[PDB]
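Trainee: Quick one, what's the 3D model for this:
(2 chains, ligands or ions: 5)
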Amino acid sequence: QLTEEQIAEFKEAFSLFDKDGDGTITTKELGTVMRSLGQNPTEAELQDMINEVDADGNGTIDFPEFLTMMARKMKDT
Amino acid sequence: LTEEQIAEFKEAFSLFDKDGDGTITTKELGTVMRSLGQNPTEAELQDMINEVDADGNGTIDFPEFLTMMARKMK
Ligand SMILES: [Mg+2]
Ligand SMILES: [Mg+2]
Ligand SMILES: [Mg+2]
Ligand SMILES: [Mg+2]
Ligand SMILES: [Mg+2]
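Mentor: Residues are numbered from 1 along each chain as shown, chains lettered A, B, ... in the order given. Ligands and ions are numbered 1, 2, ... in the order given. Please find the structure below.
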């Protein structure tokens, strides 16, 4: 899985983009947060990720969802 | 996801989220999927669980279930 250090680091990055502190970020920020952590998903990969995480159409990504996407992205690096 | 599918998924999720906190546990994912007429293998379930439960809390909420169903359909 992910370590407790990886989770802490991902949470710090995530926190930088949740500027209202409500626990979510917009899907429009996913690429930016991933790039801040050194990942460089293509626009196609990013759009696929967004369609999936945003299946409910609320346009929100929360921290467990971000970890899931990082975890999925790290199985494919 | 069609509106029908989303509706079917929400009905299924609700079958298990009887306390209404919008959350079920990872232990229940297999049974939820069976309620939809699917018979995922233990290996498939472990794969889904390891991903959605990256944070180690053992919890699945409804948006996550939808995402998992969407990802399983690809
Ligand atoms: Mg926010
Ligand atoms: Mg959301
Ligand atoms: Mg519940
Ligand atoms: Mg959870
Ligand atoms: Mg959530």
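
Trainee: use CA for all of it now, contacts and neighbours both
Mentor: Noted.

Trainee: which residues in chain A form strands?
Mentor: Taking DSSP state E as the test, the strands found in chain A are A:24-26, A:60-62.

Trainee: Give the pairing partners of the first one; include direction for each.
Mentor: Spelled out, that is strand A:24-26. Here strand A:24-26 is paired, per DSSP bridges, with strand A:60-62 (antiparallel).

Trainee: The partner strand and ligand 1, are they touching?
Mentor: No - legend: contact between strand A:60-62 and ligand 1 by Cα under 5 Å from the ion is lacking; minimum distance shown is 8.2 Å.

Trainee: chain center to that strand: distance?
Mentor: Its chain's C-alpha centre and that of strand A:60-62 lie 8 Å apart, by Cα atoms, centre = their mean, to the nearest Å.

Trainee: Briefly note if it comes near ligand 2.
Mentor: Yes - using Cα under 5 Å from the ion, strand A:60-62 comes into contact with ligand 2 via A:60, A:61.

Trainee: what's the longest helix seen in chain A in contact with?
Mentor: Criterion DSSP state H: the longest helix present in chain A is helix A:4-17. The contact list for helix A:4-17 (Cα atoms under 8 Å, 6 or more residues apart in numbering or on different chains) reads A:21, A:25, A:29, A:33, A:36, A:37, A:63, A:66, A:67, B:55.

Trainee: just stretch A:23-33 next, same as before
Mentor: Outside stretch A:23-33, the residues touching it (Cα under 8 Å, 6+ apart) are A:13-14, A:17-18, A:40-41, A:46, A:50, A:54, A:59-63.

Trainee: List buried members of the residues you listed by neighbour count.
Mentor: A:13, A:14, A:17, A:18, A:46, A:50, A:54, A:60, A:61, A:62, A:63 (16 or more other Cα atoms under 10 Å in any protein chain shown).

Trainee: ok, so of the residues you listed, who is nearest ligand 4?
Mentor: Lowest distance from ligand 4 to the buried ones among the contacts of stretch A:23-33 (Cα to the ion) belongs to residue A:63, with 9.6 Å.

Trainee: Might you report the residue contacts of that closest one?
Mentor: A:11, A:14, A:23, A:24.

Trainee: and these, which are buried?
Mentor: A:14, A:24.
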